[PDB]
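The lines below spell out each chain.
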Amino acid sequence: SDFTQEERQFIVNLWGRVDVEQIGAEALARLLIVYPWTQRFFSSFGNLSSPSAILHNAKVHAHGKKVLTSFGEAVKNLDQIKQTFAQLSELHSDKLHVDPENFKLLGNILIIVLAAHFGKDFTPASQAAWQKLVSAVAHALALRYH
Amino acid sequence: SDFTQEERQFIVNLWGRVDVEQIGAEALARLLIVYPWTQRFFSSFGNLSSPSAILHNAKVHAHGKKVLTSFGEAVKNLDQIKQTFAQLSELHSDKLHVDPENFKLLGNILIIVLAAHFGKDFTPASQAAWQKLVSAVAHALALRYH
Amino acid sequence: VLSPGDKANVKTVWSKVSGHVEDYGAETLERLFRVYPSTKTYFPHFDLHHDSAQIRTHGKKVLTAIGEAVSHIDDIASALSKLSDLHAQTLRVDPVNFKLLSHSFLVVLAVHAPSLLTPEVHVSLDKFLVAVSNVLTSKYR
Amino acid sequence: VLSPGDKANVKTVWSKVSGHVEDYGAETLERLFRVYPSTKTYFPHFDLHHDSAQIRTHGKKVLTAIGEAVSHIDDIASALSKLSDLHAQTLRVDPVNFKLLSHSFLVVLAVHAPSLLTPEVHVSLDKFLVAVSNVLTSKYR
Ligand code: HEM
Ligand code: HEM
Ligand code: HEM
Ligand code: HEM
């Protein structure tokens, strides 16, 4: 669960090379396309009538950017993830009722998007570190247990 | 997430009427039967060759009793569930690698077993309280996040 | 894959359900809404009180559709094809909810027919509810 | 349900995979074991080092079996029926692991063929890996 020094290094290194708009737009689009039922939460985004439409939707892009910027907050303080997402947890879980399974799915989508963009640089060890990060965020977003 | 006074009352009331051996043996057996892959964790129980065999297995019974007695520990202090299962968490997650999904499934099996035994007394509101309890235990057993 | 044994068990289950389609249907939904609150957001135009007319009406329709799948258990797909697009494409129901509803129905059955709900029957009905909901989630992508 | 479009995409994917069955197979397993450690417990008699002969051999077999399902994509069941009982009944693999392996393969593909792995292809391959693993988890009960 706790991040090792190596994992911390993979996360920070890859993050430094990440274009939040590009990666985020691609991940949000793929989430909406690969797992279409998630579109039920983004009615206000307008045209989500097809892969290309979703991929070219400006609202998807802008929101995706905010999503990745948020993951960036996790990167800036890997040890304080629970706290960093407490409020977003109230938003996603308590208010929107987004089933936690979808957090994992977005996590899986992001991993695939990072892999496509970084190629062989995204080694198994690098993926392992990122998998711990997305899984930690997913967990911090789910219903808060005390 | 937090238990209301009503939920606390349903949990304590129903628990007072629970025969740990009877309920536990039935729940562990059903887990092994309805979700057979779980049998991979209980090789030492011997004969698990069929529903009746599993249902009449003495090791299943004895272990089931211990499982329910454990849920009893949650009942005795609903506010300290995370702490009460920390060690069992190291056992199930860290050591055995039991995927957390199975905790939910046992939780679902227990709810069904309680329903069959208590009939109409197991009202929707009573189930809601018990669902929060089993879900809380399942969560405390999964990988510990800090 | 439903085995001859499973189909036989499912039919055995429905003969118990027949005559209580509305009662069991309503309770199934009532347990869904009370135990998993998030589920209520899918029915904003429903009076979700204990035994409202809307819940009884809808509960009846849902269990009646399940009855259809039992009748055409050899080919559930074509039996519930008319509900597939409705749930996945038009309503965009999150697939996790089908497991909650299946579980809710099983609880209702355990409450009313404990002796009927043996481990063997529990297995067949779980496989059945899984196949039934697979049909309703097959049109997502 | 795999659509004509999905099958066409899957075949397009395999032509890319052909020629790298062992390489991709091994990496798929390597990412499975490194990212989801628990998965290693299923292979106690395997030297799980980076590129061990055992991992390369097994990785090849697994991806080769997937190739079989692509060839007989119209009826994956009978194509992988010989692996169904083995995984569910004899080995008792926890079904959650099939999703981890499918995800692992997708990562390997994204790494090696980003342009190929378009959203549309991603959808078809995900549906395919889901159907393939459904066949291997169909014999539990
Ligand atoms: C796949 C699962 C998820 C779904 C369905 C989902 C859904 C939503 C929705 C509906 C909103 C509000 C958008 C609008 O009304 O303004 C939102 C906000 C947001 N989400 Fe998610 N979300 C998911 C996962 C995540 C994850 C894993 C992150 C990463 C931290 C995240 C980060 C955020 C952020 C930062 C906001 C607020 C943005 C703003 O203020 O503009 N979400 N999400
Ligand atoms: C379905 C999920 C679960 C599986 C597969 C599982 C598996 C196991 C296994 C393999 C052990 C060790 C048995 C032996 O070697 O001695 C064990 C121990 C135990 N488990 Fe679970 N378990 C599950 C869920 C739970 C849940 C939800 C509870 C409730 C608190 C629980 C309570 C316990 C207790 C109290 C022990 C220790 C018993 C002893 O010391 O004799 N388990 N479990
Ligand atoms: C066992 C699976 C299910 C069956 C057989 C099924 C059955 C149907 C039936 C027959 C209808 C009415 C259709 C018609 O009159 O036009 C319906 C409507 C509906 N279903 Fe389901 N359903 C099931 C599960 C779900 C679940 C899990 C959800 C989501 C939480 C859901 C959401 C709805 C909604 C919102 C509608 C419209 C309700 C209203 O406004 O009238 N369904 N369902
Ligand atoms: C896409 C799904 C999978 C395919 C097509 C598949 C493929 C097969 C193949 C072809 C073999 C060798 C059989 C033979 O030579 O007798 C095999 C063996 C094995 N599989 Fe899988 N498999 C997959 C997933 C899994 C997963 C998810 C697990 C569990 C984590 C797993 C566990 C094993 C084990 C432990 C054996 C024996 C390994 C050894 O000791 O030789 N399989 N698999």
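Residues numbered from 1 in each chain as written, not as in the entry; some residues may be left out. Chains lettered and ligands numbered in written order. Heavy atoms only, no water.

## What about the UniProt feature "domain: Globin" (unreviewed entry) in chain C?
As a reminder of what qualifies: UniProt positions are given in the numbering used here, feature names are shortened, and annotations may be inferred rather than shown by experiment. Secondary structure counts use DSSP, requiring at least four H or I residues in a row for a helix and at least two E residues in a row for a strand, with both numbered from the N terminus.
The positions UniProt marks with the feature "domain: Globin" (unreviewed entry) are residues 1-141 of chain C. Between the C-alpha atoms that bound residues 1-141 of chain C the distance is 22 Å, and the span itself is 70% helix and 0% strand.

## Points about the UniProt feature "domain: Globin" (unreviewed entry) in chain A
Annotation from UniProt places "domain: Globin" (unreviewed entry) at residues 2-146 of chain A. What you have in residues 2-146 of chain A is 70% helix and 0% strand, and the ends, taken at the C-alpha atoms, are 19 Å apart.

## What to know about the interface of chain A and chain C
Cut-off, in case you're wondering: Working rule for contacts: check all heavy atoms of both residues, and any pair within 4.5 Å makes them a contact. Here the quantity called buried area is the total loss of accessible area, with a 1.4 Å probe, experienced by two parts when brought into contact, counted for both. When a carboxyl oxygen of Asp or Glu is within 4 Å of a side-chain nitrogen of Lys or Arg, the pair counts as a salt bridge. We call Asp, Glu, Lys and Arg charged. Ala, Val, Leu, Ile, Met, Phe, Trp, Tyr, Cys and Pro are nonpolar, and the rest, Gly among them, are polar.
Each partner contributes to the interface: chain A provides 11 residues, whereas chain C provides 11 residues. Between chain A and chain C the total buried area reaches about 1000 Å² when both faces are included, carbon and sulfur atoms providing 59% of it. Of all residues in chain A, the largest losses of buried area upon contact with chain C belong to A:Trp37, A:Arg40 and A:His97, amounting jointly to 59% of the total for that side. Our enumeration of links across chain A and chain C arrives at 0 salt bridges. Across the side of chain A that touches chain C, the residue classes break down as 4 nonpolar, 4 polar and 3 charged.

## Here we look at the coordination of the iron atom of ligand 3
Heads up, the rule is: Ligating atoms shown are N, O and S within 2.8 Å of the metal, or 3.2 Å for Na, K and Ca, and water is not included, meaning a site may look less than complete.
Donor atoms from the protein around the iron atom of ligand 3 number only one, C:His87 (NE2), found at 2.2 Å. The topology assignment puts C:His87 in helix α4 (residues 76-90).

## Focus on helix α4 (residues 76-90) of chain D
It helps to recall that an α-helix has 3.6 residues per turn; residues three or four apart then point in one direction. Residues and elements named next belong to chain D. What counts, and what does not: To estimate how far a helix should reach, multiply one less than its number of residues by 1.5 Å. Fitting axes to the seven residues ending at a residue and to the seven starting there, one defines the bend at that residue as the angle between these axes. Working definition: with a 1.4 Å probe on protein chains only, accessible area under 20% of the residue-type maximum means buried, over 50% means exposed, and in between means partly exposed.
Between its first and last C-alpha atoms α4 spans 21 Å; for 15 residues at 1.5 Å apiece the expected length is 21 Å, and the two agree. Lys-82 marks where α4 bends most, by close to 55 degrees. Buried within α4 we find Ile-76, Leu-80, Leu-83, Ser-84, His-87 and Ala-88. In this fold, the buried residues of α4 make contact with α3 (53-71), α5 (96-112) and α6 (119-137). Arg-92 lies just past α4 and shows a positive phi near 60 degrees.

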